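This report refers to the structure that appears directly beneath it.
Bear in mind these aren't lab numbers, they're just calculated from the coordinates by the rules spelled out. Using ideal geometry, Cβ is built from the backbone for each residue, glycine included, and neighbour counts are taken over all protein chains shown.
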Amino acid sequence: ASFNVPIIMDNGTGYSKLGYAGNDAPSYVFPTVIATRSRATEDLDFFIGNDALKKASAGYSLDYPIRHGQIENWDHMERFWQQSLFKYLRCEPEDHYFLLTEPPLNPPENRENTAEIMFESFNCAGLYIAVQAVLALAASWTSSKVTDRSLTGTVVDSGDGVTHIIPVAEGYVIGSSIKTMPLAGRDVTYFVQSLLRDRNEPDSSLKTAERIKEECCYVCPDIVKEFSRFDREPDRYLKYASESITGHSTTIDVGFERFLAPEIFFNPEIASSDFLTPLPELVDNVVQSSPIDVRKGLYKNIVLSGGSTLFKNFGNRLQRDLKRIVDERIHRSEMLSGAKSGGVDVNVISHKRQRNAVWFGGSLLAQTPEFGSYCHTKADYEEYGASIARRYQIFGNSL
Amino acid sequence: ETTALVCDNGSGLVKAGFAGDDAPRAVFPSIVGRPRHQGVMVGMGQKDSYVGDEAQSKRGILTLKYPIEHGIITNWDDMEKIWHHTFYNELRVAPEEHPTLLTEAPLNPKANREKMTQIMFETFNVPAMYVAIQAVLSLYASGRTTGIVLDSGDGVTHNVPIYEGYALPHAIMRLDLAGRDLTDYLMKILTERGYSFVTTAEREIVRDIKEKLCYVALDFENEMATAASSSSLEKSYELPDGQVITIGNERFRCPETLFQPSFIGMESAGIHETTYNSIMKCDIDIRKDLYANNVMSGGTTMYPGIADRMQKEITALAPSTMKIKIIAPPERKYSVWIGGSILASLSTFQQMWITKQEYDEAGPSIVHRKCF
Amino acid sequence: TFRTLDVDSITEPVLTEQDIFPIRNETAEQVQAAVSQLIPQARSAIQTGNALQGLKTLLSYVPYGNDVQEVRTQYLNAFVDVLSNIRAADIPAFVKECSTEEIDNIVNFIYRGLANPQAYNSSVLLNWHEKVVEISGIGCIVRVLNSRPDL
Amino acid sequence: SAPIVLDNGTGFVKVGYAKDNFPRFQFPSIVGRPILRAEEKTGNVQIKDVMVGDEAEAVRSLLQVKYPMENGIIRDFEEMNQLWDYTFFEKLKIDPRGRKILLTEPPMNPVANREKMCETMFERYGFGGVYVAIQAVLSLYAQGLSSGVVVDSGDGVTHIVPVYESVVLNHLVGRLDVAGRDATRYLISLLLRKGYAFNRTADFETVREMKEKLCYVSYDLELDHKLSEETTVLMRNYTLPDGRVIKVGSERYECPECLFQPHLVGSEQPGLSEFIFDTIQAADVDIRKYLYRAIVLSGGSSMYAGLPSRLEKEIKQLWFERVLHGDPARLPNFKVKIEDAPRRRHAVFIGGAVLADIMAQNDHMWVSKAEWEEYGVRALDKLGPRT
Ligand SMILES: Nc1ncnc2c1ncn2[C@@H]1O[C@H](COP(=O)(O)OP(=O)(O)OP(=O)(O)O)[C@@H](O)[C@H]1O
Ligand SMILES: Nc1ncnc2c1ncn2[C@@H]1O[C@H](COP(=O)(O)OP(=O)(O)O)[C@@H](O)[C@H]1O
Ligand SMILES: Nc1ncnc2c1ncn2[C@@H]1O[C@H](COP(=O)(O)OP(=O)(O)O)[C@@H](O)[C@H]1O
Ligand SMILES: [Mg+2]
Ligand SMILES: [Mg+2]
Ligand SMILES: [Mg+2]
């Protein structure tokens, strides 16, 4: 009959955003970290989220279950889920439907483990797994009343651990064009920490680097001209107040990091040699590998997602670079042939729900009545075994 | 009876509309598109298979495949799906009330006609229906009764000479060269310029290119010699991507296959020689008159300049004492539909329908004792 | 679609078990009668407290085949009863006083008896297996691995 | 003395003379520009301005590699000129003016590529003869057969051509745009599944060697999915030339699957067996046995382990499903024989070497320098009027 409201899980690399379907905001947005020791037994002395963060030097050792989007240790993940459900979310698993999300390009083994943990340790009524993106496309359109859905575009989901560029055409996701760069907010955070390290600042805590990004960093057109402007202009030399634990008024003199950090996205050579293709060029390759007829739709609508795309002038620079490259190719074809053309425009789109677009899209999707039919029912799991969700569907064709 | 329905299930396009009118109510490609991506977008009600104009709109991801092969239907499931789409989307009338009319290629394996009438009576409950060759409809389109119809479309082409009153079945010639073969050969010769089209949507793009930038050369060797200086035969096209395509002698090389079938490695005579042989098979009492009237119909025959070369070559074959004229209606694409509508509008046609009452006791084979 | 519907099973007929092992020349009625004659002698020998002689007599002939299931089951039941009706202390003498082929039959049938424990007593079969493997060796089990499937 | 033969394949270059049996020299078609990255860069001997060929593939650690040929056509031509210079000047170190060269080319290439390649060969070298032949006819020559359909799968593009009794059916030549390079790219993606990333340039050759050594073609899809789903026997350990070991599982049988299921790499074109079946079926009814009876594999990309058996089984199965419509009565009345000669990788070279002295001693069969210069590009029609 009348089911209970579905629950929208979200397990990012850095932040986990729980909540409910139909809500206008996540109930909890807290870091995906669990505190753990090494007369309560050592089975239960664990804290998660902000409680874990505050209780850091009291006798616990923090650990991040998720890195690069893929879960390595399983005890931490299962304990995180149980603590969330039975402490903050406050729901009984057997009388609700869950909508889990996890980044694409994950091993089927991880999905199998997630499904078996959910249907054995908790055994909820139903579990549905969606791709971090999709939800981004769903939340892209604001005034979604009956008709105005784009349903065709590109979602550049850049987050804490890994970034994904996924094209969508008429709803379906083209697998062959999926490409992923293994650099995100965490790598540039390590870069910022190293930049604080080389200048021998009085405080170089990672939280200080995060806050330095939070209120300092911005994107710049080019690096040499920005260096010249910084040399000439002296009011771009800020001193962030740290107040780490007891160092009152220990101001940290920030410097070139403010423009050197965001440039990793448009110049990935700085982070590491594991990747070397700049983000606009990689997006161009993704769009070109797509079928010819949907290229106009892919270029017309580009949707940003994740918390790492909130940099000022990020979208402007990305749009400028992509537009320049596509103009270069079109003009090359024109002088090769000798005829004018109307060209193709590019509109990188940012909206009011950039930070938690994935969660908002999941919440909007779960409210549809047809969503219930798509979930994995518990009877199906108990009949077909624990490998009911191993056939990876969005990227690539099985068999 | 309220109205009548005419549905010319062509190989490439379907022209379905009410009778008694000159403008088709709905014309659209006969394509059934099924997506090739398991990554379902949850929500917003996307359906398993796409037909009609939605297939053309979403061809970026579907796998377009026609359900008719050289005039012979081979995927009856998608055929009935297309008919469903027509009747309850583009006509919005139940088939239980309005009788229909169908078109069939001559010399078609009659298992096709039998299964067609059987499936219509079964799953559509039409009060009555009839099947007629496109040639007689084409002849009726111009209001005359003499001439030989050159009906070339997407699947096959055929010539049926006819005098006042009765036709000449022994002189009916049919060739499989048509618009689909033209598009295939154009795709084959486009790769010689470096432009590669492989997917079905690319086939549709090349078909649009053939629609917009193709013509028939008056003299093949003369135009090939003219192609020495790339001045006038060179044109440009704008791809949906935003690309620019440069086209040369392939503009007129691909329509030439209608007259030189050996270009695509098909042993046969060009359509001009086929028409000449078909008319020569007729007796002396009839060709003296049939030379003058030559009805040209179908989508393929819409090429600019094809009529002039047809005329010059047919007079080249025919004796010099003959006067030959080629009929070139400016509405040749829908000519078969207009002929069918005119035939249905006549009040002298209600007598030889195929009603369910006579069908029940006669079975599906009645279609052969009634139509022809 | 066309990926399924395998055809390799019909175009090349694979070798079937009768092509590997010699066919049974005896008829079904003949072997059935032979077993029906041998079994009551074994039961009577069990009754008179001479289980060793009963097992020796029952071991002289051994049936096999894919059409003799029922009579083979009766033979196996009789063999299991005969073996379970033997004192344990006298086993080594019996094992040492046998030929290799007789021991092969013994180990084969006790091992088949091990396959159905819902109706048999596994302890005596395991004890006999332990003692025969200890005395004769591993070649008996090798012969079991390389015996006919119908045995 | 003897005429020279050149087979400028997309991923490899082979060269030799007439009457030869095995290629005299084979080396990747790569061009190496110097580059310094986060490596140790030992100064082994020296780094020259442009390093190509065996030296390039050996010193590949310190240089970036660009492939002049992609999809069977030359993308950038200056690098390819450097390649001919290398091959003629140090691989064979014999560069006379006036000798006879027999080139090779896949069937449906653009006219401009072949025309300007011939123009370069004439003007920049001054050779007195030229002839460009399809790889398929050379593959046919390799086994000496006359009638039958031959399939050539290489690094760049896979093509098939049916020939019946010394007559090439030019209107039924095949062109499947999936080859070894697409398989290598899919292998890189499938390794990116697990976490290994190969974004450098030498890593491309590394994973190419990995697919060379480990990957194999499946014979039964469901059986191999069961094996990779329940058993760990399929796991192999491969150590990179850098010295690092990775784990490879289902990737072994999933890499070359793209040849038979091109939708894995986002290709609408039909698979290898389906395309072969369509090509054979489109022919005339008379030659259909000899098309089926003699199918010859050729090219490097056909060296996949277990490929001939899968091809034969799949073609028989598809014939059963498409013609008999499920009736198994007439299945034993079908004769198909896929040829699997050990040197089907160098069949193109062998055919070129044979044709070198088949048509030698008579210059009036091919194009000469004077004829070229006085009849322009249009002179290149004596070779063949293919479609
Ligand atoms: N045993 C093998 N297993 C798997 N792949 C192989 C094997 N042997 C060769 N290959 C593949 O074959 C390719 C070499 O093919 P080759 O260079 O002969 O074709 P090509 O001449 O470049 O083709 P084209 O003439 O179309 O350019 C290599 O890229 C390699 O990946
Ligand atoms: N205002 C901001 N500007 C730039 N980066 C930010 C900002 N806020 C957060 N970030 C970083 O971007 C990451 C992306 O946020 P979120 O999507 O919640 O993480 P995840 O990718 O783990 O799901 C954050 O974890 C953080 O490291
Ligand atoms: N303006 C045009 N010029 C040239 N060819 C055309 C034109 N319009 C349509 N065609 C060709 O005609 C074909 C459609 O023929 P059609 O009348 O539908 O025949 P049928 O009804 O038997 O399918 C198309 O495949 C197309 O290639
Ligand atoms: Mg994330
Ligand atoms: Mg028609
Ligand atoms: Mg080759």
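Residues whose amide H comes within less than 5 Å of that of residue B:150, counting only those at least five positions distant or on another chain, are B:295, B:296, B:297 (H built at 1.01 Å from N in the peptide plane). Separation of the range A:276-290 and the range D:173-190 by C-alpha centroid, Å? Taking the Cα centre of the range D:173-190 as reference, the centre of the range A:276-290 is 20 Å away. Under 5 Å between amide hydrogens, built in the peptide plane, is the criterion, and for residue D:33 it picks out D:64, D:66 among residues at least 5 positions away or on other chains.
Remark on the range C:17-146: ratio of C-alpha radius of gyration to 2.2 N^0.38 Å is 1.05. Beta bridges per DSSP, both residues in the range B:1-102: antiparallel share near 95 percent. What separates the Cα centres of the range A:168-202 and the range B:1-78 is a distance of 46 Å.
For residue D:289, a cut-off of 25 angstrom between C-alpha atoms picks up these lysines, skipping any fewer than 8 places away in its own chain: D:313, D:316, D:335, D:337. Could you pull out every residue, at least 5 positions away or on a different chain, whose amide H is within less than 5 Å of the one on residue D:70? Hs are placed 1.01 Å off N in the peptide plane, and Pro or chain starts have none. Hits under the 5 Å cutoff: D:75. Given only helices, namely DSSP H runs of n ≥ 4 each adding -39500 (n - 2.57), what is the per-residue ellipticity at 222 nm of the protein assembly as shown, to the nearest 500 deg cm²/dmol? Helix contribution divided over all residues of the protein assembly as shown: -10500 deg cm²/dmol. On the beta carbon distance between residue B:345 and residue B:145, with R0 = 22 Å, the FRET formula returns roughly 0.80. For peptide D:109-118, the mean count of partner chain Cβ atoms within 10 Å of a residue's Cβ comes to 2.
When only the Cβ of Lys, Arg, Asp and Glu is charged (+1, +1, -1, -1), the dipole of the range B:179-264 relative to its Cα centre reaches about 100 debye. The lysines within cross-link reach of residue D:369, meaning a Cα-to-Cα straight distance under 20 Å and a gap of 8 or more places when in the same chain, are D:100, D:116, D:382.
Given the options A:245, A:144, D:86, identify the residue whose Cα lies farthest towards the positive end of the charge dipole of the protein assembly as shown (+1 on Cβ of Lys, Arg; -1 on Cβ of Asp, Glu). It is D:86, whose Cα lies furthest towards the positive end. Classify the range B:87-145: rounded, prolate or oblate, from the alpha-carbon gyration tensor (a ≥ b ≥ c, eigenvalue square roots; a/c under 1.5 rounded; otherwise prolate if a/b is larger than b/c)? It comes out oblate by the Cα gyration axes. Residues D:346, A:351 in ascending order of nearby Cβ atoms (within 10 Å, fewest first): A:351, D:346.
Counting only DSSP beta bridges whose two residues both lie in the protein assembly as shown, roughly 70 percent are antiparallel. Exposure proxy ranking for A:277, B:321, B:3, based on other Cβ atoms within 10 angstrom of each Cβ and starting from the fewest, stands as B:321, B:3, A:277.
In plain terms, the residue of B:254, D:215 with the fewest other Cβ atoms within 10 Å comes first and the most crowded comes last, giving D:215, B:254. In chain D, a dipole from Cβ-located charges (positive for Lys and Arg, negative for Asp and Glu) runs towards its positive end, and of D:365, D:383, D:300 it is D:300 whose Cα lies farthest in that direction. Please name whichever of C:144, C:42, C:60 sits farthest to the positive end of the charge dipole of the range C:17-146, dipole taken about the Cα centre and charges placed at Cβ: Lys and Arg +1, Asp and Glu -1. About the Cα centre, the residue reaching furthest to the positive side is C:42.
The label point for residue B:320 and the one for residue C:25, both projected 7 Å from the Cα toward the Cβ, are 10.0 nm apart. Within chain D, antiparallel bridges make up roughly 70 percent of the DSSP beta bridges whose residues both belong there. If r is the Cβ-Cβ distance from residue B:38 to residue A:72 and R0 is 25 Å, what FRET efficiency results, to the nearest 0.05? So, using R0 = 25 Å, E works out to roughly 0.35.
Cα centroids of the range B:126-148 and the range A:308-385: how far apart, whole angstrom? Here the answer is 53 Å between Cα centres. Would you please classify the overall shape of chain D from the alpha carbon gyration tensor, given that a ≥ b ≥ c denote the square roots of the eigenvalues, rounded means a/c under 1.5, and beyond that prolate means a/b larger than b/c while oblate covers the rest? In terms of gyration-tensor shape, oblate.
Each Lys and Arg adds +1 at its Cβ and each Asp and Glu adds -1 at its Cβ; summed about the Cα centre, the protein assembly as shown shows a dipole of about 1620 debye. Once the C-beta distance of residue B:228 and residue A:277 is scaled by a Förster radius of 51 Å, the resulting FRET efficiency is 0.65 to the nearest 0.05. Note on residue C:111 and residue A:316: the model spin-label points, each 7 Å out from Cα along the C-beta direction, lie 8.3 nm apart. Remark: spin-label model distance residue C:118-residue D:24 equals 7.7 nm, labels positioned 7 Å along the Cα→Cβ axis. For peptide D:265-271, the mean count of partner chain Cβ atoms within 10 Å of a residue's Cβ comes to 5. Partners of residue B:210 within straight-line reach, counting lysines whose Cα lies under 17 Å from its Cα and excluding those fewer than 8 residues away in the same chain: B:188, B:235, B:333. The magnitude of the dipole of chain B, with charges of +1 and -1 set on the Cβ of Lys/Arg and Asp/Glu and taken from the Cα centre, is near 240 debye. Taking a ≥ b ≥ c as the square roots of the eigenvalues of the Cα gyration tensor of chain A, is the shape rounded (a/c under 1.5), prolate (a/b larger than b/c) or oblate? Oblate shape, in that a/c is at least 1.5 and b/c is the bigger or equal ratio.
Values of log10 I(q)/I(0) for the protein assembly as shown across q = 0.04, 0.05, 0.06, 0.08 Å⁻¹ run -0.35, -0.54, -0.75, -1.17, by the Debye formula with one identical scatterer at each alpha carbon and no solvent.
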